[PDB]
Amino acid sequence: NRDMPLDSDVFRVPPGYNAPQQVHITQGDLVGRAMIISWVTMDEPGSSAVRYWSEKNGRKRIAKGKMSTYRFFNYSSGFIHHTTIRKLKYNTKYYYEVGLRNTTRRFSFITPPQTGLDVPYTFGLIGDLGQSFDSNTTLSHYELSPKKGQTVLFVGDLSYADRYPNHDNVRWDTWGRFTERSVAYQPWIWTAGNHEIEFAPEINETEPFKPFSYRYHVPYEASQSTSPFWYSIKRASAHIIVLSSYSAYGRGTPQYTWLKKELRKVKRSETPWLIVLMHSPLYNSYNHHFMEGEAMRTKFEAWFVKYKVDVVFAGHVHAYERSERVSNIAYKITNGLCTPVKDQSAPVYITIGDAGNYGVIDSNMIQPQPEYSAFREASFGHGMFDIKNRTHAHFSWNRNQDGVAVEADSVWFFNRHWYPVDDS
Amino acid sequence: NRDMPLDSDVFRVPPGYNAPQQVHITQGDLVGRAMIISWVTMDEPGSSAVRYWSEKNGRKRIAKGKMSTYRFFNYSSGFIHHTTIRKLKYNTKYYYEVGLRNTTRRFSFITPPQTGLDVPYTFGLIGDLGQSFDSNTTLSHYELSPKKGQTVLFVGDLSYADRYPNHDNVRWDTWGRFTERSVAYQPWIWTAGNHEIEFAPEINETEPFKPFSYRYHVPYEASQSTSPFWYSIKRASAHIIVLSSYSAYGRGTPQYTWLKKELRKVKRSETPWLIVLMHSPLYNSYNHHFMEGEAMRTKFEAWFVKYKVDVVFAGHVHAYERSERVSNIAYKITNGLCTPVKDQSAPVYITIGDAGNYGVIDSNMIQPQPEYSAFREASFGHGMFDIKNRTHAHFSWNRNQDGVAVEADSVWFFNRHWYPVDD
Amino acid sequence: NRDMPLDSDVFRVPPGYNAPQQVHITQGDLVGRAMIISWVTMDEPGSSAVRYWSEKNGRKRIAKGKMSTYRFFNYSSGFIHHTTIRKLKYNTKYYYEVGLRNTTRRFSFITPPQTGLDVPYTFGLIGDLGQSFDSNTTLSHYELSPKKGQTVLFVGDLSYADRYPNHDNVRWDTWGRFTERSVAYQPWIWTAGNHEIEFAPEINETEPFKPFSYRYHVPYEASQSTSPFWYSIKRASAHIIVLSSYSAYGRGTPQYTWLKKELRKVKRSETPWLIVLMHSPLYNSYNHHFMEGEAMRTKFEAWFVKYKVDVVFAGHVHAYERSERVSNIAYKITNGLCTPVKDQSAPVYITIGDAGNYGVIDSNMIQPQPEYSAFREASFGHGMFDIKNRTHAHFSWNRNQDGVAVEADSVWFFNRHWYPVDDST
Amino acid sequence: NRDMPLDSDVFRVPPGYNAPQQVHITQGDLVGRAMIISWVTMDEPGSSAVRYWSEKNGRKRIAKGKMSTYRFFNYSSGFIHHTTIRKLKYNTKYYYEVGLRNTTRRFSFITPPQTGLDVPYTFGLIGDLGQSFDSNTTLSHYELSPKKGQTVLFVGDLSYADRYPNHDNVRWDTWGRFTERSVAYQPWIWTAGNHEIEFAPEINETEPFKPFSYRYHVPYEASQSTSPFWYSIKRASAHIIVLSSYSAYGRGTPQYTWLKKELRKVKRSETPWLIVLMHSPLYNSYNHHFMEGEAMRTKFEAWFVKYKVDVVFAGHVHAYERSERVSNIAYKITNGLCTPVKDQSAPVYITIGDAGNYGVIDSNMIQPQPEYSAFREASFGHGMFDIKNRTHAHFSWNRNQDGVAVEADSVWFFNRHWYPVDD
Ligand SMILES: *[C@@H]1O[C@H](CO)[C@@H](O[C@@H]2O[C@H](CO)[C@@H](O)[C@H](O)[C@H]2NC(C)=O)[C@H](O[C@@H]2O[C@@H](C)[C@@H](O)[C@@H](O)[C@@H]2O)[C@H]1NC(C)=O
Ligand SMILES: *[C@@H]1O[C@H](CO)[C@@H](O[C@@H]2O[C@H](CO)[C@@H](O)[C@H](O)[C@H]2NC(C)=O)[C@H](O[C@@H]2O[C@@H](C)[C@@H](O)[C@@H](O)[C@@H]2O)[C@H]1NC(C)=O
Ligand SMILES: *[C@@H]1O[C@H](CO)[C@@H](O[C@@H]2O[C@H](CO)[C@@H](O)[C@H](O)[C@H]2NC(C)=O)[C@H](O[C@@H]2O[C@@H](C)[C@@H](O)[C@@H](O)[C@@H]2O)[C@H]1NC(C)=O
Ligand SMILES: *[C@@H]1O[C@H](CO)[C@@H](O[C@@H]2O[C@H](CO)[C@@H](O)[C@H](O)[C@H]2NC(C)=O)[C@H](O[C@@H]2O[C@@H](C)[C@@H](O)[C@@H](O)[C@@H]2O)[C@H]1NC(C)=O
Ligand SMILES: *[C@@H]1O[C@H](CO)[C@@H](O)[C@H](O)[C@H]1NC(C)=O
Ligand SMILES: *[C@@H]1O[C@H](CO)[C@@H](O)[C@H](O)[C@H]1NC(C)=O
Ligand SMILES: *[C@@H]1O[C@H](CO)[C@@H](O)[C@H](O)[C@H]1NC(C)=O
Ligand SMILES: *[C@@H]1O[C@H](CO)[C@@H](O)[C@H](O)[C@H]1NC(C)=O
Ligand SMILES: *[C@@H]1O[C@H](CO)[C@@H](O)[C@H](O)[C@H]1NC(C)=O
Ligand SMILES: *[C@@H]1O[C@H](CO)[C@@H](O)[C@H](O)[C@H]1NC(C)=O
Ligand SMILES: *[C@@H]1O[C@H](CO)[C@@H](O)[C@H](O)[C@H]1NC(C)=O
Ligand SMILES: *[C@@H]1O[C@H](CO)[C@@H](O)[C@H](O)[C@H]1NC(C)=O
Ligand SMILES: *[C@@H]1O[C@H](CO)[C@@H](O)[C@H](O)[C@H]1NC(C)=O
Ligand SMILES: *[C@@H]1O[C@H](CO)[C@@H](O)[C@H](O)[C@H]1NC(C)=O
Ligand SMILES: [Cl-]
Ligand SMILES: [Fe+3]
Ligand SMILES: [Fe+3]
Ligand SMILES: [Fe+3]
Ligand SMILES: [Fe+3]
Ligand code: NA
Ligand code: NA
Ligand SMILES: [Zn+2]
Ligand SMILES: [Zn+2]
Ligand SMILES: [Zn+2]
Ligand SMILES: [Zn+2]
């Protein structure tokens, strides 16, 4: 176990009575004019109000949100606040304060630009963060990146609190305080991983995702989803679809039905970059969780080809892997066509679940490297998906053992819709 | 299309003030000593009490249940009752009556024999019933069967009420009154199909399986399931595992985790017949819904082989198919091994979703007939799985266009644990 | 049984698919800038959106509210909509529309003037309305009154649906359609009466006021009440306090606590007319329900004197009665001081529970008329509290058997804070 | 504030992992064959099962109950268990054990005799107990009483936790542990006082009686009450009626309606002693809370007289008072009949809210002592209602300053139905 001890500086509780902690934000709407503000108070319920103001207009406003609590076995939570700030200005720095009654803590964010064809934007890519010492340097590598991530795409497995006895939910609080130094100033877009399931019938905890869902809200109604575990957002030139690997996705189910309709609503003339997130990779040549993505892949892979998804990000495997553009959609049971082929309409599949978890890397690879795998390496690190314009985005991967400006893997993406050419 | 009109005889309301209607029973425990009695009253809530007594020891006892209601868009249900009778005697006729506060109605059932290695038992197989005129013929054929079925293994898609505007839930009620003449007297073991999902955010109805789960209860806690849409029961010599094609089944999910534990609890020296029910077939050589079952197959086929499941029954496809014993579990992305192969540890996959639905048959088939497919036909009908003992179970398929004693398809199942020979 | 039959013209369903019916409004805030819009759709849920605009300007805005439903025994409601229009302009005609998805119906209201010392306003007084032919006559008299009532103060007992078998809640829907012609255009201020309680444990209905509270919302949180059945509103120059005779009011209970603080908040220099609404009369010389008000009188009478309430309106008794300014607050169990005395600091107690109910008047009164009873008469009718300014309000009582313009009883009120001179007739 | 400090011995936590604390029992049915067993586990949910057996026959049985939790402002409760043991034998000592899964604790109780005309029984009377050092003394005097109480009638105001900042509900847990040494072995019959209202809108606690209602269950369903704050039990020769001073009692309200019908069910030929419990006294000659009972009095006094209630116990005033048998029911507003008069159908009204509370006594009395007041004294203490038979019960008031066998006041109650003479 390489988890940071409870006394670590990154887990420190902010001073002052009922001081807000575990502050975290995410996009609150479909197009970027809104922000969910989230924090926890531990001494008393406190106010769910958020004071905020833009640098441009300097008028202090109040939004009012809602508080909630939960229990998990013998654990009882602090007071969890979720407040949505709406009708924000584009491309604008706002300041926001939480804890208006007790002790007040102040933060800030920048709204993205209005969606558009050539609007540039830099996405962090982080998966399977955890709270090990490895997790802490990955976060450091992200925040010190000269490419300056503006939003993190998070592909599942947050706190790993379920590894503890009875899923010791204090390790959710520590994770929230630890990640605050980033997510309180820029949105993370949440994907549900398997360590969020927390299905523990032995301790009478049988509602999947219960802790995760109380602590991390997503703007899922903004895209007509009926569940927080699959949803869409638009931000700058990107359309991002979040799927749930451990929800139902059979034909006719809510997630299947929502994805079918959502892929049809995508307007590549406004958001050229089509990004999909799921926890479990559909392409993966590591031994760890080899072929667990087969189920979802059979259901959705053809749809990713059809709609010319640019890239699919996943975690789950604790390592890094970048596919070639391939598909394996010709199979008809008896026709023998079960080998992935090069398909220039396919997305690139990237496994980036290597941000540290609890300190274990997945090293065992199937050998030789299969044709469908382009690059892979068992190192800790994080990714950046730097969109330049409608045709070009630059993806890079940074290792924890390198300098923060070093790119150990690096490739240009040519947009599938606006410039379809062999970017290999 | 061919759905029976609302004024059909099969849909008649039982007379009397608040007379119970849509009466139906199913196994109430793990081993067959309990029964869930269910019904609906339309005039007022009424009593959830059930009076019962055996034709033998004859003492009249009272079980008490719970009532509940639901709404669906602009539909308001009647008052739905579910009551469990426990501690029944094995292998005895009981009488039970419902509607004690006002109009009483009386029915009977016969508890199964205790579970055991060599206990014979006869299972009706019905899928995708619906309420078309074909639906009624299938049910007649089952009731007039010389085989004499004792329990219906129902592989999902019940009322087809979702085909109607706003899913007109009156068509649940009619289907309940139509099927009463069978399921009030012998258990139907319920599987959930895609027509039970009734996901309709356009009318703000977003809870999967809501009308079905209010109306049809299952003993799912008896097998430590956390959900009614997957569960297991034992009856005579059969261990029946019911799965939910339209719930989560990824690694670490409730259903995945439950099934993974459940197969370890199977004792073939106590129940040698291992039967799996699911709505969507894992092997299906018809064009309609072709390869829909692939996702669940990747997850569960290797377990079915590991545990030598005798048969997997499914509906969904509106036709009849019986596979060979095959598996397709050796694939590894790049090893190229993606062809089903004869495997005597594997189950036979039977598609039996041809009870009538709303009158339509699935006739277009993959050509040529793949080697994994033993027999297929686009006719309405039903199946019977007739366990003779620990080694032999006779499966027969009866067509609606045939006489009720006629088996258009017939095959001996040799038990995968006690007698695993080529069948 | 003088209840109007089900096929009466007043119970007619508004035509068109899923047309909104039982449209009714009431004040939706403390000061008058808000309105709660309420209505029922029978065919499908429909939209809880309200389109509205000022006759002056004309900008057509939308307010979104919520739909709820209930069951009561073997009855199932339609789809009940409550939507609050906020931030409105004072003294201004607004039009509003409901049923925006399918069949639209349009109505209007006038927001009250801004609260102030001399702001005039006419309040109607109706209690125990019911749905009888007498009930129809009272409503007609109210709306045809030459002094135009601008808001109804309603002292409880609405539909008398609970008199029917299984409280046949269909009789709630008919009463909503019948009263629509008034309450859809001007707010009625709701008090909960004993016929709202609907405690029917024999048919497993044990939640008091369940039908009433689903159908009739009030802005109780605006006055920091925690319950719909007691709350305060301010309108024009009146501060109106609504109490619940059939809720707890023992010392330390929520209603007791709320009323205690609420009287401290009243400012007679911003709203001179202090009005109390309750169902059960504290002072009542009628035989029916004689002394049922003693328990609440015991708890609150002295507070009404202390804070110089101008008038207490009640119903419950199916007749009309106006009291002298009278108090009975000096009793100490053993001191013999149990008789009401003239007290110019006390309010007037008015029983106005004679709008019709199910067609029965309460005529058996105690004789001779006690010294505390000013005027009493067993006839169907309604009242008007016509505030002229900070010092003067005219109260009048109109009988059904009389013309619409004739006051059978009437009296000038001298405001207890601004003109505290004896005004005894 | 004479409240005991948190490290006092009476607040000791039972040792051992998840040891049940705050164990307390009350009658679980109408007549005395059932017991509600309540306790709190702090380390994890634990099992709600209760193992119990009579000292007579060691046939160990299991009763299964229910667990609940609550929050109050920034306080989070432990795991609260309520389990009803039903179908017990009369007049029988039972053992019971809680904390089965982890640390077990064992207690006992003795069921009352079957209800009956001439069954003797001793009732402890305790009100406004709290947790001062005075409170601990009163509880000692009760448990040391030579008259040996068999059940406590508790007229309300339990923990006084609502005097602490934010009603510091730890002072509920501490009170449960302190009272356990009595109430784990014999029932206390709970009346809600005003310190149970805990209506605190400032800190967003607006639901009356929430902490109390979670921690202390009552068998209110057994008398067809729809609310735990009013209810009746029958025990030995007593029919006991608990009213809620701080709920609704206007005409038509649930409580009012309930009391009207419950009195009609009283059978003095089976329970000759008719006893009413309420928190706020209807007769009180103390300055503190003078005439707060008038409102309930105007509604209910004539009913008490009409049904010849033997005695009404209240608390609320932190002193002792015993009235004469008087009524004040002749008043008609204008007839001037407002003075209480002696009335041999009226109950005796006893204020017994002097068990200690937070260490304050109410000493200021109305002078001179009114005619309706028989005896009254501002001292801490408790009472005992000792039923001998259908005609006689002995009531005694024991002060904390006297020795445990000393009665500072004592009267014979002559049964209003069987023996109504001037007592
Ligand atoms: C969209 O972004 C691309 C990456 O930044 C642009 O390509 C870049 O163009 C630069 C000239 O402005 C040149 O120095 C860079 O080397 C080049 N980078 C790459 C990776 O090609 C692209 O510009 C167009 O496409 C390239 C290939 C050249 O033909 C440019 O002259 C073109 O303008 C950007 N597209 C647009 C429309 O600006
Ligand atoms: C289990 O049931 C099978 C079907 O009823 C039995 O096989 C049948 O046995 C009949 C005589 O008992 C024979 O006429 C049938 O032809 C035969 N049916 C088939 C499909 O083979 C079976 O009986 C045992 O197995 C058969 C093959 C013979 O060897 C019998 O002598 C055996 O008793 C039943 N198994 C047992 C263990 O009884
Ligand atoms: C406040 O309203 C009162 C009721 O309308 C006014 O009294 C009425 O004044 C009328 C002409 O102003 C007069 O014809 C009415 O007889 C009289 N009504 C009564 C019941 O007295 C009152 O006007 C002031 O007071 C009265 C007594 C007259 O002296 C008026 O001339 C006064 O202006 C209104 N108060 C004010 C300040 O206007
Ligand atoms: C009910 O209990 C009372 C208290 O014990 C009985 O009165 C007591 O009877 C004793 C004789 O056994 C006697 O020594 C006690 O002094 C006397 N105590 C009092 C306070 O009176 C009572 O006994 C009957 O009633 C009284 C009025 C006498 O007439 C006795 O002689 C009677 O036996 C008991 N009543 C019954 C019906 O048992
Ligand atoms: C985590 O990293 C930050 C930034 O590099 C550093 O200040 C902090 O001390 C580190 N803490 C631990 C426990 O590694
Ligand atoms: C609740 O708040 C009080 C005062 O703010 C504090 O002293 C106490 O420790 C808190 N209790 C809990 C359980 O947080
Ligand atoms: C359904 O089948 C039964 C039995 O064959 C028959 O009596 C009945 O008339 C049929 N009803 C319809 C509508 O086909
Ligand atoms: C409810 O029950 C009453 C009494 O039998 C009956 O008259 C009425 O029609 C019923 N209403 C409904 C909607 O079932
Ligand atoms: C239904 O049964 C109850 C209880 O026996 C009875 O009171 C009632 O009148 C019955 N209803 C009808 C319509 O017969
Ligand atoms: C539900 O709506 C349809 C029209 O959309 C109507 O025909 C049907 O009768 C409605 N059902 C009820 C119970 O109102
Ligand atoms: C009600 O309106 C909706 C949307 O405008 C429409 O789809 C529906 O057909 C309408 N219903 C009827 C009965 O006209
Ligand atoms: C009710 O009164 C109105 C007049 O205001 C009249 O038009 C209508 O016919 C009356 N209806 C009944 C049933 O009395
Ligand atoms: C939960 O149970 C474990 C069991 O060892 C214990 O150590 C832990 O302190 C408990 N947590 C709480 C908050 O009681
Ligand atoms: C309470 O009383 C008991 C018995 O008299 C005694 O043993 C105990 O120490 C006392 N505790 C306190 C804190 O007074
Ligand atoms: Cl009181
Ligand atoms: Fe992981
Ligand atoms: Fe089907
Ligand atoms: Fe009335
Ligand atoms: Fe007290
Ligand atoms: Na599927
Ligand atoms: Na998976
Ligand atoms: Zn994972
Ligand atoms: Zn299907
Ligand atoms: Zn009334
Ligand atoms: Zn008290």
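Determination of this PDB entry was carried out by X-ray crystallography to a resolution of 2.20 Å, according to the record.

Colleague: Just checking my understanding: could you explain the overall build of chain A for this structure?
Modeller: Of regular secondary structure, chain A possesses five helices and 25 strands. Taking 424 residues into account, the globule formula puts the C-alpha radius of gyration at 22 Å, and chain A, at 21 Å, falls close to it. When its C-alpha atoms are laid out on the principal axes, chain A stretches across 65 × 50 × 45 Å. Of the contacts made within chain A by residues no fewer than 6 positions apart, 71% connect residues no fewer than 24 positions apart. Mean positive and mean negative side-chain charge positions of chain A (48 and 42 charges, respectively) differ by 10 Å.

Colleague: Got a minute to help me understand the site of ligand 13 in this structure?
Modeller: In the neighbourhood of ligand 13, the contacting residues comprise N74 of chain A together with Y17 and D43 of chain D. Of the chains in the model, those with residues near ligand 13 are chains A and D. In the environment of ligand 13, an oxygen atom lies 2.4 Å from a nitrogen or oxygen atom belonging to the side chain of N74 of chain A.

Colleague: What is the right way to look at the coordination of the iron ion (ligand 18) in this model?
Modeller: In an ideal octahedron of six donors the angles at the metal are 90 or 180 degrees, and in an ideal tetrahedron of four donors they are 109.5 degrees. Residue and element names in this part refer to chain C. Distances from the iron ion (ligand 18) to its protein donors, namely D128 (OD), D157 (OD), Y160 (OH) and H318 (NE2), fall within the range 2.0 to 2.4 Å. Around the iron ion (ligand 18), the four donor atoms sit at angles spanning 86 to 173°, and that spread fits a shape best called irregular. As a motif over one chain, the donors of the iron ion (ligand 18) read D-x28-D-x2-Y-x157-H. Separation of the iron ion (ligand 18) from the zinc ion (ligand 24) amounts to 3.3 Å, with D157 serving as a shared donor to the pair. Taken together, the residues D128 in the loop between β11 (121-126) and α1 (133-144) and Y160 in the loop between β12 (151-154) and α2 (170-183) connect sequence positions 32 residues apart.

Colleague: I would appreciate a short explanation of the interface of chain D and chain A in the present structure.
Modeller: Put simply, an interface is often sized by how much accessible area is lost when its parts join up. Across the boundary between the two partners, chain D contributes 11 residues, which contact 11 residues of chain A. With both sides pooled, the region where chain D packs onto chain A buries about 890 Å², and carbon together with sulfur makes up 50% of that total. When the area that chain D buries against chain A is broken down by residue, the three leading residues are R71, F73 and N74 of chain D, summing to 56%. Summed over the shared surface of chain D and chain A, the result is zero salt bridges.

Colleague: Explanation requested: the packing of helix α5 (residues 294-306) of chain C against helix α5 (residues 294-306) of chain D in the structure shown.
Modeller: Relative orientation and spacing of two packed helices are given, respectively, by the angle between their axes and the distance between those axes. As a packed pair, α5 of chain C and α5 of chain D sit with axes 7 Å apart at the nearest point and diverge in direction by 170°. The orientation of α5 of chain C with respect to α5 of chain D, classified from their angle, is roughly antiparallel. Taking contact as the criterion, the partners of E294, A295, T298 and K299 of chain C in α5 of chain C are, on α5 of chain D, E294, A295, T298 and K299 of chain D. When its residues are assigned to classes, the contact of α5 of chain C with α5 of chain D shows two nonpolar, two polar and four charged.

Colleague: In this structure, what is going on with the UniProt feature "active site" in chain B? I would like to understand it.
Modeller: According to UniProt, the positions carrying the feature "active site" are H289 of chain B. Assignment of secondary structure puts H289 of chain B in the loop between β16 (273-277) and α5 (294-306). Among all residues touching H289 of chain B, those that are not within four sequence positions of it are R251 of chain A together with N284, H316 and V317 of chain B.

Colleague: So what exactly am I meant to see when it comes to the state of the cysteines here?
Modeller: Working definition: the covalent bond between the sulfur atoms of two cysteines is a disulfide. By the definition in use, this model includes one disulfide over all chains. The disulfide bridge from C338 of chain A ends at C338 of chain B, spanning 2.1 Å between sulfur atoms. With the S-S dihedral at roughly -65°, the linkage between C338 of chain A and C338 of chain B falls on the left-handed side. Here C338 of chain A, found in the loop between β19 (326-327) and β20 (341-342), pairs with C338 of chain B, found in the loop between β19 (326-327) and β20 (341-342), and the two come from separate chains. Here the two residues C338 of chain A and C338 of chain B agree in accessibility, since each one is buried.

Colleague: Could you clarify how one ought to interpret the site of ligand 2 in this entry?
Modeller: Residue and element names in this part refer to chain B. Around ligand 2 sit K388, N389, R390, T391, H392 and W412, and those are all the residues in its vicinity. Take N389: an N or O atom from its side chain is 2.3 Å from an oxygen atom of ligand 2. Here the residues of the shell around ligand 2 sort into one nonpolar, three polar and two charged.

Colleague: Looking at this model, I keep getting lost on the pattern of salt bridges. Mind explaining?
Modeller: Pairs can form between side chains of opposite charge once their charged atoms are near each other. Counted under the stated rule, the structure contains 83 salt bridges over all chains. A salt bridge links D310 of chain B to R268 of chain B, with the shortest nitrogen-to-oxygen separation between them at 2.4 Å. In this pair, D310 of chain B is assigned in the loop between α5 and β17 (311-314) and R268 of chain B in the loop between α4 (254-264) and β16, connecting sequence segments 42 residues apart. Its relative accessible area of 0% is what places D310 of chain B among the buried residues. Given the relative accessible area of 7%, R268 of chain B is considered buried. Notably, a salt bridge pairs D386 of chain C with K388 of chain C, separated by 2.5 Å at the nearest N-O pair. Given the relative accessible area of 34%, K388 of chain C is considered partly exposed. Linked through salt bridges whose partners overlap, the residues forming this network are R51, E97 and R106 of chain A.

Colleague: Explanation requested: the nonpolar core in the structure shown.
Modeller: Looking at soluble globular proteins, one finds that nonpolar side chains tend to be buried together. Formed by 172 residues in total, the largest nonpolar core has its most connected members in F385 of chain A together with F385 of chain B. Ignoring anything within four residues of it in the chain, the contact list for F385 of chain A reads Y121, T122, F123, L125, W273, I275, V311, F313, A393, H394, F395 and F413 of chain A. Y249, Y320 and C338 of chain C together with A393 of chain D belong to the second-largest nonpolar core, a separate cluster that totals 171 residues.

Colleague: How do you make sense of the packing of aromatic side chains when you look at a structure like this?
Modeller: Remark: the centre distance and the inter-plane angle together describe each pair of aromatic rings, the angle taken between the planes. Following the criterion strictly, the structure yields 151 aromatic pairs over all chains and no others. Relative to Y185 of chain D, the ring of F107 of chain D lies with its centre 5.7 Å away and its plane at 70°, an arrangement referred to as edge-to-face. Within this pair, whereas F107 of chain D is found in strand β10 (residues 105-110), its partner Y185 of chain D is found in the loop between α2 (170-183) and β13 (188-190), the two being separated by 78 residues in sequence. Its relative accessible area of 4% is what places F107 of chain D among the buried residues. Using a relative accessible area of 40% as the deciding quantity, one classes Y185 of chain D as partly exposed. A connected cluster of aromatic rings, assembled from ring pairs, spans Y249, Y256, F300, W303 and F304 of chain A together with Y249, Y256, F300 and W303 of chain B. Over the ring of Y358 of chain B we find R163 of chain B, and its NZ or CZ is 3.6 Å from the ring centre. One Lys or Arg, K60 of chain D, reaches over the ring of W53 of chain D and ends 4.0 Å from the middle of that ring.

Colleague: I tried to follow the pairing of strand β2 (residues 35-41) of chain D on my own but got confused; where do I start?
Modeller: Looking along a regular strand, one sees side chains alternate from face to face of the sheet. All names here are of chain D. For β2, the buried fraction is high: seven of the seven residues fall into the buried class. The side-chain alternation of β2 yields two buried faces, one formed by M35, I37, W39 and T41 and the other by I36, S38 and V40. Examined bridge by bridge, strand β1 (residues 21-27) and β2 share five bridges and lie antiparallel to one another. Paired with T26 across the bridge in β2 is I36. Bridge count for β2 against strand β8 (residues 79-85) is seven bridges, and the pairing is antiparallel.

Colleague: Could you clarify how one ought to interpret the layout of surface pockets in this entry?
Modeller: A water-sized probe rolled over the atoms picks out the places where empty space is left. Its volume calculated, the largest pocket comes out at about 1,300 Å³. Residue lining of the largest pocket: 47 residues in total, with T226, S227, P228, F229 and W230 of chain A positioned closest to the centre. When residues of the lining of the largest pocket are traced back to their parent elements, those giving at least two are β8 (79-85) of chain A together with α3 (210-215) and α4 of chain B. If you tally residues by element for the lining of the largest pocket, the top one is β8 of chain A, at three residues. Classifying every residue of the lining of the largest pocket by side-chain character gives 24 nonpolar, 18 polar and five charged.

So, how was this worked out
- Residues numbered from 1 in each chain as written, not as in the entry; some residues may be left out.
- Chains lettered and ligands numbered in written order.
- Heavy atoms only, no water.
- Helix = DSSP H or I, 4+ residues; strand = E, 2+ residues; numbered from the N terminus.
- Rg over C-alpha atoms; globule rule 2.2 N^0.38 Å.
- Contact = heavy atoms within 4.5 Å.
- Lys, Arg positive; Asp, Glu negative; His and termini not counted.
- Charge placed at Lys NZ, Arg CZ, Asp CG, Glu CD.
- Near = heavy atom within 4 Å.
- Polar contact = N/O pair within 3.5 Å; in protein donor to acceptor, adjacent residues only side chain to side chain.
- Donors = N, O, S within 2.8 Å, 3.2 Å for Na, K, Ca; no water.
- Tetrahedral: all angles 85-135°; square planar, octahedral: opposite > 155°, others 65-115°.
- Buried area = accessible area lost by both parts, 1.4 Å probe.
- Salt bridge = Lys/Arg side-chain N within 4 Å of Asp/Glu carboxyl O.
- Axes fitted to C-alpha atoms, helices over the stretch in contact; angles between N-to-C directions.
- Parallel < 35°, antiparallel > 145°, perpendicular 65-115°, else oblique.
- Nonpolar A, V, L, I, M, F, W, Y, C, P; charged D, E, K, R; others polar.
- UniProt positions renumbered as here; feature names shortened; annotations may be inferred.
- Disulfide = S-S within 2.5 Å.
- Buried < 20%, exposed > 50% of the residue type's maximum accessible area, 1.4 Å probe, protein only.
- Core = buried A, V, L, I, M, F, W, Y, C linked by side-chain atoms within 4.5 Å.
- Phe/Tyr/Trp six-rings, centres within 6.5 Å; stacked < 30°, edge-to-face > 60°.
- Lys NZ or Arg CZ within 6 Å of the ring centre and 35° of its normal.
- Pairing = 2+ DSSP bridges.
- 1 Å grid on protein atoms, 1.4 Å probe; cavity = no way out; pocket = protein on both sides within 12 Å on 5 of 7 lines; lining within 4 Å.
- Points joined across faces, edges and corners; volume = space filled by probe spheres on them.

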